[PDB]
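**Q** After the structure tokens below, expect a handful of questions from me.
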Amino acid sequence: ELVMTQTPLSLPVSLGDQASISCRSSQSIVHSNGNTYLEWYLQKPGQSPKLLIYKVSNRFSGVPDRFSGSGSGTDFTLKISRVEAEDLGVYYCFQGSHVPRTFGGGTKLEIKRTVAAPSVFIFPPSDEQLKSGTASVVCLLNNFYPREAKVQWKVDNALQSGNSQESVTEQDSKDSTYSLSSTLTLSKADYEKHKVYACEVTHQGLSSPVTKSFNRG
Amino acid sequence: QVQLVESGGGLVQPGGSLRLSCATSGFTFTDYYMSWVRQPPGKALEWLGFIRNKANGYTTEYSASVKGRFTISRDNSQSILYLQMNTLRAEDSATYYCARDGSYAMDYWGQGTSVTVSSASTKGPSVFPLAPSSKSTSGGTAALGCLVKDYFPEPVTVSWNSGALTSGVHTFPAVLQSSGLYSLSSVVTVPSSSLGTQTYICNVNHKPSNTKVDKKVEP
Ligand SMILES: O=C(O)CCCCN(Cc1ccc([N+](=O)[O-])cc1)CP(=O)(O)O
């Protein structure tokens, strides 16, 4: 029955600013006898969800005071005054008055910081992996910002496509930057067939596209 | 003090069963309601159901999404929480958590146990080195890592030098190769001056295939 809808789904806040989030229920969540059990949980990258506010404004243990719960009946809001690197992750609201229990859609939170260009590295296929019969070339765009970043492979100045896939890490709780890995996959054969392997990275933080390459195969 | 450790996760054929367990310690197990909550990779949390404390006849409640197909129970003389699942489908694939509920809501959560529903069989990965490219181009700072390739199912653990190495360590999200086998890299950045006095080893561990590998990355 009950439907918990959070908003926004995403939220870009500047280190130090104030953040606000809403959780609207389908019906009053005032547990008949007593009060209203509306909680706020927060999940940080690679961790488990953790309690923040229980009843509605009730702040759990070691939780800073920057967090404050509020609202009643069908409108609740979680506010974080003076946001920072650590508060990164997804926030969720939970209704614990009516069964079945309900979980909010989930509001993500990314931290905006000054522009940082990616540092590029390029690794040729291991010898051990070549014995196998396949070669994996890996390009690394390390600690950059914003998230957007292009990567193109060129085997002998020839552009490539549909033979490589990427993977981006989640914003770092430290410097709030991203990292990306690209892997060019080719058969041991075709790899022997060429000479120059290059990785060309494009980013807002770069004034002129940077390139990393190597001559072997 | 309070400890909630779940297990029993792993790979399972579509249509089969798998019972999960959650070990607790550090509080009066029978005074609390015990909850089960799953989360598919990259998606939102989904309340599954709970079992009330003793004061309420240990009654169970389930989420419409799993009711009748899933069951919860508890061993009080041992303080263990259970979750029996049946006729599992591919979508049931997720990380399952347990938590206790009481005067402070779900104040304590477990670290989770991952589940995968697939007809595909287990497979240990192969680990190759992302060697500090010899002529490490214009840079006093070098990058090196390990390539964990061709494994199934997820997940795979990767630490450096038994955990001691933590600075500038990035483990990327696994991706699916056209072969239906996962793959992922783990990098670390350090000074190029020390590529002769230091040692770097990635300790990769799988589990669904009982695989442990400690590969020492070298220039
Ligand atoms: O009557 C009482 O004192 C118990 C409070 C009623 C709420 N109970 C237990 C209950 C559920 C959730 C919380 N919380 O903090 O989130 C606290 C207590 C729900 P149910 O009747 O078993 O579905």
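Identifiers in this document derive from the order of the structure tokens: chains are assigned A, B, ..., residues are numbered from 1 separately in each chain, and ligands are numbered from 1 in order of occurrence.
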Dump as a PyMOL selection string the residues of chain B that approach chain A to within 6 Å, counting only C-alpha atoms.
**A** chain B and resi 63+107+111+130+172
**Q** Just want the 7 Å neighbourhood of segment 141-143 of chain B, counted on only C-alpha atoms, with same-chain residues fewer than 4 positions away dropped. Output as a VMD selection string.
**A** (chain A and resid 121) or (chain B and resid 132 136 187 to 192)
**Q** Could you please take those selected residues and save N, CA, C and O atoms as a short mmCIF file (atom, residue, chain, number, x, y, z; two decimals), in the first residue's frame?
**A**
data_model
loop_
_atom_site.label_atom_id
_atom_site.label_comp_id
_atom_site.auth_asym_id
_atom_site.auth_seq_id
_atom_site.Cartn_x
_atom_site.Cartn_y
_atom_site.Cartn_z
N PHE A 121 47.85 6.79 -17.13
CA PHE A 121 48.83 5.71 -17.11
C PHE A 121 48.38 4.63 -18.11
O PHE A 121 47.19 4.46 -18.33
N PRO B 132 54.51 -1.53 -13.23
CA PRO B 132 54.89 -0.12 -13.34
C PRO B 132 55.67 0.05 -14.63
O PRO B 132 56.90 -0.03 -14.62
N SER B 136 58.36 4.51 -16.98
CA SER B 136 57.24 5.27 -16.43
C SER B 136 57.33 6.73 -16.89
O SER B 136 58.01 7.56 -16.26
N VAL B 187 44.35 -0.75 -8.69
CA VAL B 187 45.58 0.02 -8.84
C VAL B 187 45.97 0.70 -7.55
O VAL B 187 45.18 0.81 -6.61
N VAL B 188 47.20 1.17 -7.53
CA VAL B 188 47.74 1.88 -6.40
C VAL B 188 48.82 2.80 -6.99
O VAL B 188 49.48 2.44 -7.97
N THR B 189 48.95 3.99 -6.44
CA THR B 189 49.95 4.95 -6.92
C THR B 189 50.97 5.26 -5.85
O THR B 189 50.61 5.53 -4.71
N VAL B 190 52.25 5.20 -6.21
CA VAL B 190 53.34 5.47 -5.28
C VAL B 190 54.52 6.15 -5.98
O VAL B 190 54.49 6.37 -7.19
N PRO B 191 55.57 6.50 -5.21
CA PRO B 191 56.77 7.15 -5.78
C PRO B 191 57.59 6.23 -6.69
O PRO B 191 57.74 5.04 -6.40
N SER B 192 58.14 6.78 -7.77
CA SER B 192 58.96 6.00 -8.71
C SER B 192 60.36 5.74 -8.17
O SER B 192 61.05 4.82 -8.61
#
**Q** Within 6 Å of ligand 1, which residues of chain B show up? Give each one with its shortest atom-to-atom distance in Å (one decimal) and the two atoms involved, counting only C-alpha atoms and all ligand atoms, rows by chain then rising residue number, as JSON lines.
**A**
{"residue": "B:52", "atom": "CA", "partner": "ligand 1", "partner_atom_place_in_ligand_line": "22 (O)", "distance": 5.7}
{"residue": "B:102", "atom": "CA", "partner": "ligand 1", "partner_atom_place_in_ligand_line": "17 (C)", "distance": 4.7}
{"residue": "B:103", "atom": "CA", "partner": "ligand 1", "partner_atom_place_in_ligand_line": "17 (C)", "distance": 5.5}
{"residue": "B:104", "atom": "CA", "partner": "ligand 1", "partner_atom_place_in_ligand_line": "15 (O)", "distance": 4.9}
{"residue": "B:105", "atom": "CA", "partner": "ligand 1", "partner_atom_place_in_ligand_line": "15 (O)", "distance": 3.3}
**Q** Can you work out which one of B:78, B:185, B:118, B:166 has the shortest atom-to-atom distance to residue 150 of chain B, counting only C-alpha atoms?
**A**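 Closest to residue 150 of chain B, using only C-alpha atoms: B:185.
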**Q** In Å, how far is it from atom CA of residue 188 of chain A to atom CA of residue 217 of chain A?
**A**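 For atom CA of residue 188 of chain A relative to atom CA of residue 217 of chain A, the distance reads 9.0 Å.
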**Q** For the strand (DSSP E or B) assignment from backbone DSSP, which residues of chain A qualify? Please present them as a PyMOL selection string.
**A** chain A and resi 5-7+12-14+18-24+30+36+38-43+50-53+59+67-72+75-81+90-95+102-103+107+110-112+116+119-123+134-145+150-155+159+164-168+178-187+196-202+210-215
**Q** Show me a table, sorted first by chain and then by increasing residue number, of the residues of segment 61-133 of chain A having an atom at most 7 Å from segment 5-26 of chain A, each with its shortest atom pair and the distance in Å to one decimal, counting only C-alpha atoms and written as a tab-separated table.
**A**
residue	atom	partner	partner_atom	distance
A:74	CA	A:25	CA	5.1
A:75	CA	A:24	CA	4.9
A:76	CA	A:23	CA	5.2
A:77	CA	A:22	CA	4.4
A:78	CA	A:21	CA	5.1
A:79	CA	A:20	CA	4.4
A:80	CA	A:19	CA	4.9
A:81	CA	A:18	CA	4.2
A:82	CA	A:16	CA	4.3
A:83	CA	A:16	CA	4.7
A:84	CA	A:15	CA	4.9
A:85	CA	A:15	CA	6.9
A:93	CA	A:23	CA	6.6
A:104	CA	A:5	CA	5.7
A:105	CA	A:6	CA	5.4
A:106	CA	A:6	CA	6.2
A:107	CA	A:9	CA	4.6
A:108	CA	A:10	CA	4.7
A:109	CA	A:11	CA	4.9
A:110	CA	A:12	CA	5.3
A:111	CA	A:13	CA	5.7
A:112	CA	A:14	CA	5.2
A:113	CA	A:14	CA	7.0
**Q** Keeping only C-alpha atoms, write the selected residues as a PDB file, in the first residue's frame.
**A**
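Resulting contents of result17.pdb:
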ATOM      1  CA  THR A  74       3.208  12.880   5.374  1.00  0.00           C
ATOM      2  CA  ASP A  75       6.051  15.345   4.827  1.00  0.00           C
ATOM      3  CA  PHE A  76       9.532  14.858   6.251  1.00  0.00           C
ATOM      4  CA  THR A  77      12.845  16.523   5.504  1.00  0.00           C
ATOM      5  CA  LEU A  78      16.473  15.735   6.265  1.00  0.00           C
ATOM      6  CA  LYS A  79      18.799  18.715   6.331  1.00  0.00           C
ATOM      7  CA  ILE A  80      22.563  18.851   6.532  1.00  0.00           C
ATOM      8  CA  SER A  81      23.946  22.298   7.280  1.00  0.00           C
ATOM      9  CA  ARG A  82      27.623  22.702   6.383  1.00  0.00           C
ATOM     10  CA  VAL A  83      28.138  19.692   4.096  1.00  0.00           C
ATOM     11  CA  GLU A  84      31.566  18.098   3.742  1.00  0.00           C
ATOM     12  CA  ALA A  85      33.687  15.342   2.168  1.00  0.00           C
ATOM     13  CA  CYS A  93      14.126   7.306   4.794  1.00  0.00           C
ATOM     14  CA  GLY A 104      12.429   5.600   0.413  1.00  0.00           C
ATOM     15  CA  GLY A 105      13.596   5.664  -3.183  1.00  0.00           C
ATOM     16  CA  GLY A 106      17.036   6.833  -2.115  1.00  0.00           C
ATOM     17  CA  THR A 107      18.693  10.205  -2.539  1.00  0.00           C
ATOM     18  CA  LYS A 108      22.293  10.277  -3.735  1.00  0.00           C
ATOM     19  CA  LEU A 109      24.735  13.003  -2.809  1.00  0.00           C
ATOM     20  CA  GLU A 110      27.831  14.001  -4.738  1.00  0.00           C
ATOM     21  CA  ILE A 111      30.362  16.588  -3.585  1.00  0.00           C
ATOM     22  CA  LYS A 112      31.412  19.336  -5.994  1.00  0.00           C
ATOM     23  CA  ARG A 113      35.019  20.514  -5.887  1.00  0.00           C
TER      24      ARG A 113
END
**Q** Looking at only C-alpha atoms, which of B:95, B:193, B:83, B:204 is the one that sits closest to residue 139 of chain B?
**A** B:193
**Q** What gap, in Å, lies between atom CA of residue 11 of chain B and atom CA of residue 202 of chain B?
**A** 24.8 Å
**Q** Out of A:171, A:152, A:98, A:202, which residue has the shortest atom-to-atom distance to residue 170 of chain B when counting only C-alpha atoms?
**A**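 Looking at the shortest contact to residue 170 of chain B, the residue is A:171.
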**Q** Kindly give the distance, in Å, that separates atom CA of residue 106 of chain B and atom CA of residue 33 of chain B, rounded to a single decimal.
**A**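 According to the coordinates, atom CA of residue 106 of chain B and atom CA of residue 33 of chain B are separated by 9.2 Å.
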**Q** Using only C-alpha atoms, which residue out of B:195, B:81, B:158, B:165 lies closest to residue 20 of chain B?
**A**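 Checking each candidate against residue 20 of chain B, we get B:81 as the closest.
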**Q** List the spatial neighbours of residue 133 of chain A as a list in words - criterion: any atom at most 10 Å away, only C-alpha atoms, same-chain residues fewer than 2 positions off excluded.
**A**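 Once the nearby chain positions are removed, what remains is residues 128, 129, 130, 131, 135, 186, 187, 188, 189 and 191 of chain A.
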**Q** Tell me, which residues of segment 131-210 of chain A carry DSSP alpha helix (DSSP H), written as a PyMOL selection string?
**A** chain A and resi 131-132+188-192
**Q** Restricting it to N, CA and C atoms, dump the selection as a PDB file, in the first residue's frame.
**A**
ATOM      1  N   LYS A 131      50.686 -15.685 -22.839  1.00  0.00           N
ATOM      2  CA  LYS A 131      50.879 -17.121 -23.015  1.00  0.00           C
ATOM      3  C   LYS A 131      49.501 -17.690 -23.270  1.00  0.00           C
ATOM      4  N   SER A 132      48.528 -17.165 -22.532  1.00  0.00           N
ATOM      5  CA  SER A 132      47.141 -17.597 -22.629  1.00  0.00           C
ATOM      6  C   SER A 132      46.597 -17.515 -24.045  1.00  0.00           C
ATOM      7  N   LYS A 188      45.720 -12.361 -28.891  1.00  0.00           N
ATOM      8  CA  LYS A 188      47.178 -12.405 -28.914  1.00  0.00           C
ATOM      9  C   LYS A 188      47.700 -12.169 -30.320  1.00  0.00           C
ATOM     10  N   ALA A 189      47.011 -12.745 -31.301  1.00  0.00           N
ATOM     11  CA  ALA A 189      47.386 -12.611 -32.708  1.00  0.00           C
ATOM     12  C   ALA A 189      47.464 -11.157 -33.131  1.00  0.00           C
ATOM     13  N   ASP A 190      46.293 -10.559 -33.327  1.00  0.00           N
ATOM     14  CA  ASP A 190      46.180  -9.166 -33.746  1.00  0.00           C
ATOM     15  C   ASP A 190      47.097  -8.229 -32.956  1.00  0.00           C
ATOM     16  N   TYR A 191      47.400  -8.578 -31.708  1.00  0.00           N
ATOM     17  CA  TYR A 191      48.284  -7.747 -30.897  1.00  0.00           C
ATOM     18  C   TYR A 191      49.699  -7.825 -31.456  1.00  0.00           C
ATOM     19  N   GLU A 192      50.081  -9.009 -31.934  1.00  0.00           N
ATOM     20  CA  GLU A 192      51.408  -9.223 -32.514  1.00  0.00           C
ATOM     21  C   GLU A 192      51.491  -8.429 -33.818  1.00  0.00           C
TER      22      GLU A 192
END
**Q** Let me make sure I understand: among B:134, B:162, B:76, B:13, which one has the smallest atom-to-atom distance to residue 116 of chain B if we use only C-alpha atoms?
**A** B:13
**Q** Counting only C-alpha atoms, which residue out of B:7, B:171, B:177, B:121 sits closest to residue 97 of chain B?
**A**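 Nearest candidate to residue 97 of chain B out of B:7, B:171, B:177, B:121: B:7.
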